[PDB]
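Everything below belongs to entry.pdb, which stores PDB, C-alpha atoms.
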ATOM      1  CA  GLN A 433       0.000   0.000   0.000  1.00  0.00           C
ATOM      2  CA  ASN A 434       0.735   3.732  -0.195  1.00  0.00           C
ATOM      3  CA  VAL A 435      -0.425   5.688   2.840  1.00  0.00           C
ATOM      4  CA  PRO A 436      -0.538   9.302   3.982  1.00  0.00           C
ATOM      5  CA  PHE A 437       1.267  10.555   7.023  1.00  0.00           C
ATOM      6  CA  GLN A 438       1.025  13.880   8.776  1.00  0.00           C
ATOM      7  CA  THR A 439       3.953  16.253   8.684  1.00  0.00           C
ATOM      8  CA  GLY A 440       1.849  18.733  10.640  1.00  0.00           C
ATOM      9  CA  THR A 454      -2.280  18.923   8.630  1.00  0.00           C
ATOM     10  CA  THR A 455       0.295  19.002   5.843  1.00  0.00           C
ATOM     11  CA  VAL A 456       0.258  15.259   5.036  1.00  0.00           C
ATOM     12  CA  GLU A 457       2.430  13.363   2.585  1.00  0.00           C
ATOM     13  CA  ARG A 458       2.437  10.093   0.637  1.00  0.00           C
ATOM     14  CA  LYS A 459       4.684   7.207   1.603  1.00  0.00           C
ATOM     15  CA  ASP A 460       5.058   3.580   0.538  1.00  0.00           C
ATOM     16  CA  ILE A 461       4.401   0.589   2.801  1.00  0.00           C
ATOM     17  CA  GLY A 462       5.112  -3.028   1.938  1.00  0.00           C
ATOM     18  CA  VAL A 463       7.821  -5.367   0.669  1.00  0.00           C
ATOM     19  CA  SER A 464      10.551  -3.535  -1.156  1.00  0.00           C
ATOM     20  CA  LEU A 465      13.908  -4.055  -2.742  1.00  0.00           C
ATOM     21  CA  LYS A 466      16.476  -1.737  -4.321  1.00  0.00           C
ATOM     22  CA  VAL A 467      19.548  -3.336  -5.868  1.00  0.00           C
ATOM     23  CA  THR A 468      22.477  -1.640  -7.542  1.00  0.00           C
ATOM     24  CA  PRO A 469      25.109  -4.017  -8.941  1.00  0.00           C
ATOM     25  CA  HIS A 470      28.624  -3.503 -10.203  1.00  0.00           C
ATOM     26  CA  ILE A 471      29.787  -6.279 -12.453  1.00  0.00           C
ATOM     27  CA  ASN A 472      33.258  -7.587 -13.093  1.00  0.00           C
ATOM     28  CA  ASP A 473      33.980  -9.544 -16.242  1.00  0.00           C
ATOM     29  CA  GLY A 474      33.754 -12.808 -14.343  1.00  0.00           C
ATOM     30  CA  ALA A 475      33.106 -13.765 -10.736  1.00  0.00           C
ATOM     31  CA  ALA A 476      32.579 -11.684  -7.571  1.00  0.00           C
ATOM     32  CA  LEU A 477      29.889  -9.130  -8.291  1.00  0.00           C
ATOM     33  CA  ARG A 478      29.330  -6.137  -6.012  1.00  0.00           C
ATOM     34  CA  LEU A 479      25.847  -5.387  -4.712  1.00  0.00           C
ATOM     35  CA  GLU A 480      24.443  -2.330  -2.981  1.00  0.00           C
TER      36      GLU A 480
ATOM     37  CA  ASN B 289      52.310  12.440 -24.420  1.00  0.00           C
ATOM     38  CA  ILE B 290      50.045  10.746 -21.900  1.00  0.00           C
ATOM     39  CA  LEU B 291      46.240  10.470 -21.900  1.00  0.00           C
ATOM     40  CA  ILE B 292      44.052   8.571 -19.438  1.00  0.00           C
ATOM     41  CA  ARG B 293      40.340   9.193 -19.717  1.00  0.00           C
ATOM     42  CA  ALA B 294      37.399   7.391 -18.212  1.00  0.00           C
ATOM     43  CA  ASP B 295      34.041   5.816 -18.963  1.00  0.00           C
ATOM     44  CA  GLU B 296      31.466   5.366 -16.238  1.00  0.00           C
ATOM     45  CA  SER B 297      29.075   3.388 -18.449  1.00  0.00           C
ATOM     46  CA  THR B 298      31.095   0.189 -18.833  1.00  0.00           C
ATOM     47  CA  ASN B 299      33.440   1.333 -16.011  1.00  0.00           C
ATOM     48  CA  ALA B 300      36.416   1.301 -18.346  1.00  0.00           C
ATOM     49  CA  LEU B 301      39.564   3.334 -18.771  1.00  0.00           C
ATOM     50  CA  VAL B 302      41.119   4.491 -22.032  1.00  0.00           C
ATOM     51  CA  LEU B 303      44.904   4.739 -22.038  1.00  0.00           C
ATOM     52  CA  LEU B 304      47.101   6.395 -24.625  1.00  0.00           C
ATOM     53  CA  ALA B 305      50.814   6.103 -23.918  1.00  0.00           C
ATOM     54  CA  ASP B 306      54.108   4.626 -25.006  1.00  0.00           C
ATOM     55  CA  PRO B 307      54.380   0.891 -24.151  1.00  0.00           C
ATOM     56  CA  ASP B 308      56.708   1.416 -21.169  1.00  0.00           C
ATOM     57  CA  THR B 309      54.186   3.867 -19.729  1.00  0.00           C
ATOM     58  CA  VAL B 310      51.448   1.381 -20.665  1.00  0.00           C
ATOM     59  CA  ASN B 311      53.176  -1.332 -18.626  1.00  0.00           C
ATOM     60  CA  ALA B 312      53.707   1.055 -15.699  1.00  0.00           C
ATOM     61  CA  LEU B 313      50.044   2.034 -15.661  1.00  0.00           C
ATOM     62  CA  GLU B 314      49.130  -1.648 -15.879  1.00  0.00           C
ATOM     63  CA  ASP B 315      51.268  -2.155 -12.770  1.00  0.00           C
ATOM     64  CA  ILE B 316      49.284   0.629 -11.093  1.00  0.00           C
ATOM     65  CA  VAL B 317      45.944  -0.836 -12.142  1.00  0.00           C
ATOM     66  CA  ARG B 318      46.707  -4.450 -11.213  1.00  0.00           C
ATOM     67  CA  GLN B 319      47.515  -3.317  -7.655  1.00  0.00           C
ATOM     68  CA  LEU B 320      44.465  -1.076  -7.208  1.00  0.00           C
ATOM     69  CA  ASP B 321      41.690  -3.455  -8.327  1.00  0.00           C
ATOM     70  CA  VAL B 322      41.241  -5.995  -5.559  1.00  0.00           C
ATOM     71  CA  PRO B 323      38.165  -7.678  -4.098  1.00  0.00           C
ATOM     72  CA  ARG B 324      37.592  -6.044  -0.745  1.00  0.00           C
ATOM     73  CA  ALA B 325      36.818  -7.880   2.487  1.00  0.00           C
ATOM     74  CA  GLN B 326      33.596  -8.565   4.350  1.00  0.00           C
ATOM     75  CA  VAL B 327      32.747  -8.614   8.036  1.00  0.00           C
ATOM     76  CA  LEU B 328      29.932 -10.438   9.726  1.00  0.00           C
ATOM     77  CA  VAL B 329      29.285  -8.548  12.958  1.00  0.00           C
ATOM     78  CA  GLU B 330      27.298 -10.240  15.722  1.00  0.00           C
ATOM     79  CA  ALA B 331      26.500  -7.825  18.521  1.00  0.00           C
ATOM     80  CA  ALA B 332      24.837  -9.338  21.556  1.00  0.00           C
ATOM     81  CA  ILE B 333      23.082  -7.748  24.512  1.00  0.00           C
ATOM     82  CA  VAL B 334      22.370  -9.490  27.794  1.00  0.00           C
ATOM     83  CA  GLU B 335      20.297  -7.896  30.540  1.00  0.00           C
ATOM     84  CA  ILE B 336      19.298  -9.446  33.836  1.00  0.00           C
TER      85      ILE B 336
END

In structure tokens, how does this file's structure come out?
Amino acid sequence: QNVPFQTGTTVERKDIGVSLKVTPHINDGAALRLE
Amino acid sequence: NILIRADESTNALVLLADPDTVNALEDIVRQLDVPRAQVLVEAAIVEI
């Protein structure tokens, strides 16, 4: 879901639920880096 | 003349140099590209 939350009433939208953010860095071969 | 420019797309490095300088910069690069090390940290807290 995506819910509101008060920052005062000056509410704001904000995401709730399973989430994943990957950033790789890939060598030509083994041993990848992940952020 | 000596020209080392970069590329952040494929993370590559373009060299333009005489072959002695090419071998010296290869000696720089082969000693600056290592797999780094990882730590597993287990902190523990006991309270009675």

With chain A as the partner and 12 Å as the cut-off, tabulate the residues of chain B that qualify, each row holding the nearest pair of atoms and their distance in Å to one decimal, using all atoms listed in the file, sorted by chain and rising number, as a tab-separated table.
residue	atom	partner	partner_atom	distance
B:296	CA	A:470	CA	11.1
B:297	CA	A:470	CA	10.8
B:298	CA	A:471	CA	9.2
B:299	CA	A:470	CA	9.0
B:300	CA	A:472	CA	10.8
B:321	CA	A:472	CA	10.5
B:322	CA	A:476	CA	10.6
B:323	CA	A:476	CA	7.7
B:324	CA	A:478	CA	9.8
B:325	CA	A:478	CA	11.5
B:326	CA	A:478	CA	11.5

Distance query segment 302-308 of chain B at most 12 Å, only C-alpha atoms, self and fewer than 5 positions along chain excluded, as a PDB file with C-alpha atoms, keeping the file's coordinate frame:
ATOM      1  CA  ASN B 289      52.310  12.440 -24.420  1.00  0.00           C
ATOM      2  CA  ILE B 290      50.045  10.746 -21.900  1.00  0.00           C
ATOM      3  CA  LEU B 291      46.240  10.470 -21.900  1.00  0.00           C
ATOM      4  CA  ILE B 292      44.052   8.571 -19.438  1.00  0.00           C
ATOM      5  CA  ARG B 293      40.340   9.193 -19.717  1.00  0.00           C
ATOM      6  CA  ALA B 294      37.399   7.391 -18.212  1.00  0.00           C
ATOM      7  CA  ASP B 295      34.041   5.816 -18.963  1.00  0.00           C
ATOM      8  CA  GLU B 296      31.466   5.366 -16.238  1.00  0.00           C
ATOM      9  CA  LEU B 313      50.044   2.034 -15.661  1.00  0.00           C
ATOM     10  CA  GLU B 314      49.130  -1.648 -15.879  1.00  0.00           C
ATOM     11  CA  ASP B 315      51.268  -2.155 -12.770  1.00  0.00           C
ATOM     12  CA  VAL B 317      45.944  -0.836 -12.142  1.00  0.00           C
TER      13      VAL B 317
END

In Å, with one decimal, what is the gap from atom CA of residue 435 of chain A to atom CA of residue 461 of chain A?
7.0 Å

Can you tell me how far atom CA of residue 459 of chain A sits from atom CA of residue 434 of chain A, in Å to one decimal?
5.6 Å

Using Å and a single decimal, report how far atom CA of residue 437 of chain A sits from atom CA of residue 462 of chain A.
15.0 Å

Incomplete segment 291-326 of chain B brought to N, CA and C atoms, written out as an mmCIF file, in the frame of the given file:
data_model
loop_
_atom_site.group_PDB
_atom_site.id
_atom_site.type_symbol
_atom_site.label_atom_id
_atom_site.label_comp_id
_atom_site.auth_asym_id
_atom_site.auth_seq_id
_atom_site.Cartn_x
_atom_site.Cartn_y
_atom_site.Cartn_z
ATOM 1 N N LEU B 291 47.673 10.165 -21.941
ATOM 2 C CA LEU B 291 46.240 10.470 -21.900
ATOM 3 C C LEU B 291 45.458 9.323 -21.287
ATOM 4 N N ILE B 292 44.868 9.563 -20.121
ATOM 5 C CA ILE B 292 44.052 8.571 -19.438
ATOM 6 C C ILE B 292 42.691 9.197 -19.227
ATOM 7 N N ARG B 293 41.688 8.691 -19.920
ATOM 8 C CA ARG B 293 40.340 9.193 -19.717
ATOM 9 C C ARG B 293 39.429 8.042 -19.330
ATOM 10 N N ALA B 294 38.227 8.372 -18.886
ATOM 11 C CA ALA B 294 37.399 7.391 -18.212
ATOM 12 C C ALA B 294 36.124 7.107 -18.988
ATOM 13 N N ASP B 295 35.389 6.113 -18.496
ATOM 14 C CA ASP B 295 34.041 5.816 -18.963
ATOM 15 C C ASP B 295 33.293 5.190 -17.802
ATOM 16 N N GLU B 296 32.257 5.867 -17.344
ATOM 17 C CA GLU B 296 31.466 5.366 -16.238
ATOM 18 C C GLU B 296 30.350 4.435 -16.680
ATOM 19 N N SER B 297 30.139 4.270 -17.983
ATOM 20 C CA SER B 297 29.075 3.388 -18.449
ATOM 21 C C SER B 297 29.468 1.929 -18.282
ATOM 22 N N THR B 298 30.522 1.515 -18.977
ATOM 23 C CA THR B 298 31.095 0.189 -18.833
ATOM 24 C C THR B 298 32.293 0.176 -17.897
ATOM 25 N N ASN B 299 32.474 1.246 -17.110
ATOM 26 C CA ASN B 299 33.440 1.333 -16.011
ATOM 27 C C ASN B 299 34.871 1.167 -16.487
ATOM 28 N N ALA B 300 35.155 1.607 -17.701
ATOM 29 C CA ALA B 300 36.416 1.301 -18.346
ATOM 30 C C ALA B 300 37.296 2.536 -18.419
ATOM 31 N N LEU B 301 38.527 2.322 -18.861
ATOM 32 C CA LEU B 301 39.564 3.334 -18.771
ATOM 33 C C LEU B 301 40.354 3.297 -20.064
ATOM 34 N N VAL B 302 40.445 4.423 -20.748
ATOM 35 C CA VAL B 302 41.119 4.491 -22.032
ATOM 36 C C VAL B 302 42.488 5.113 -21.829
ATOM 37 N N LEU B 303 43.516 4.350 -22.169
ATOM 38 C CA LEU B 303 44.904 4.739 -22.038
ATOM 39 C C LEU B 303 45.474 5.068 -23.406
ATOM 40 N N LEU B 304 46.322 6.085 -23.435
ATOM 41 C CA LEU B 304 47.101 6.395 -24.625
ATOM 42 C C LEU B 304 48.492 6.799 -24.168
ATOM 43 N N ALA B 305 49.469 5.940 -24.444
ATOM 44 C CA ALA B 305 50.814 6.103 -23.918
ATOM 45 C C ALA B 305 51.773 5.210 -24.685
ATOM 46 N N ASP B 306 53.057 5.490 -24.505
ATOM 47 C CA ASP B 306 54.108 4.626 -25.006
ATOM 48 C C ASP B 306 54.125 3.328 -24.196
ATOM 49 N N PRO B 307 54.568 2.209 -24.796
ATOM 50 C CA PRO B 307 54.380 0.891 -24.151
ATOM 51 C C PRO B 307 55.071 0.700 -22.804
ATOM 52 N N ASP B 308 56.159 1.420 -22.523
ATOM 53 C CA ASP B 308 56.708 1.416 -21.169
ATOM 54 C C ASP B 308 55.737 2.056 -20.186
ATOM 55 N N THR B 309 55.172 3.203 -20.567
ATOM 56 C CA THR B 309 54.186 3.867 -19.729
ATOM 57 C C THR B 309 52.911 3.041 -19.634
ATOM 58 N N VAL B 310 52.587 2.294 -20.693
ATOM 59 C CA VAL B 310 51.448 1.381 -20.665
ATOM 60 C C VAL B 310 51.674 0.276 -19.642
ATOM 61 N N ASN B 311 52.884 -0.289 -19.605
ATOM 62 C CA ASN B 311 53.176 -1.332 -18.626
ATOM 63 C C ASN B 311 53.221 -0.787 -17.204
ATOM 64 N N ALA B 312 53.701 0.448 -17.028
ATOM 65 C CA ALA B 312 53.707 1.055 -15.699
ATOM 66 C C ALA B 312 52.293 1.322 -15.201
ATOM 67 N N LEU B 313 51.418 1.806 -16.079
ATOM 68 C CA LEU B 313 50.044 2.034 -15.661
ATOM 69 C C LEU B 313 49.290 0.725 -15.473
ATOM 70 N N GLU B 314 49.683 -0.333 -16.183
ATOM 71 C CA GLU B 314 49.130 -1.648 -15.879
ATOM 72 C C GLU B 314 49.583 -2.142 -14.511
ATOM 73 N N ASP B 315 50.816 -1.817 -14.118
ATOM 74 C CA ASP B 315 51.268 -2.155 -12.770
ATOM 75 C C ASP B 315 50.522 -1.363 -11.704
ATOM 76 N N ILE B 316 50.136 -0.124 -12.012
ATOM 77 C CA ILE B 316 49.284 0.629 -11.093
ATOM 78 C C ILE B 316 47.912 -0.019 -10.988
ATOM 79 N N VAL B 317 47.327 -0.379 -12.128
ATOM 80 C CA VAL B 317 45.944 -0.836 -12.142
ATOM 81 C C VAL B 317 45.814 -2.218 -11.518
ATOM 82 N N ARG B 318 46.768 -3.110 -11.787
ATOM 83 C CA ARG B 318 46.707 -4.450 -11.213
ATOM 84 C C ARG B 318 46.922 -4.480 -9.707
ATOM 85 N N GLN B 319 47.362 -3.385 -9.099
ATOM 86 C CA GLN B 319 47.515 -3.317 -7.655
ATOM 87 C C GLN B 319 46.523 -2.366 -7.012
ATOM 88 N N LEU B 320 45.524 -1.906 -7.757
ATOM 89 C CA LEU B 320 44.465 -1.076 -7.208
ATOM 90 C C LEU B 320 43.082 -1.662 -7.409
ATOM 91 N N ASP B 321 42.970 -2.809 -8.066
ATOM 92 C CA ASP B 321 41.690 -3.455 -8.327
ATOM 93 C C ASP B 321 41.688 -4.788 -7.601
ATOM 94 N N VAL B 322 41.290 -4.767 -6.337
ATOM 95 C CA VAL B 322 41.241 -5.995 -5.559
ATOM 96 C C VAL B 322 39.823 -6.199 -5.047
ATOM 97 N N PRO B 323 39.393 -7.440 -4.857
ATOM 98 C CA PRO B 323 38.165 -7.678 -4.098
ATOM 99 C C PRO B 323 38.373 -7.310 -2.640
ATOM 100 N N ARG B 324 37.481 -6.477 -2.123
ATOM 101 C CA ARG B 324 37.592 -6.044 -0.745
ATOM 102 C C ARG B 324 37.076 -7.137 0.188
ATOM 103 N N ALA B 325 37.109 -6.867 1.488
ATOM 104 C CA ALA B 325 36.818 -7.880 2.487
ATOM 105 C C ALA B 325 35.508 -7.588 3.199
ATOM 106 N N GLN B 326 34.876 -8.650 3.676
ATOM 107 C CA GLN B 326 33.596 -8.565 4.350
ATOM 108 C C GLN B 326 33.724 -8.916 5.819
#
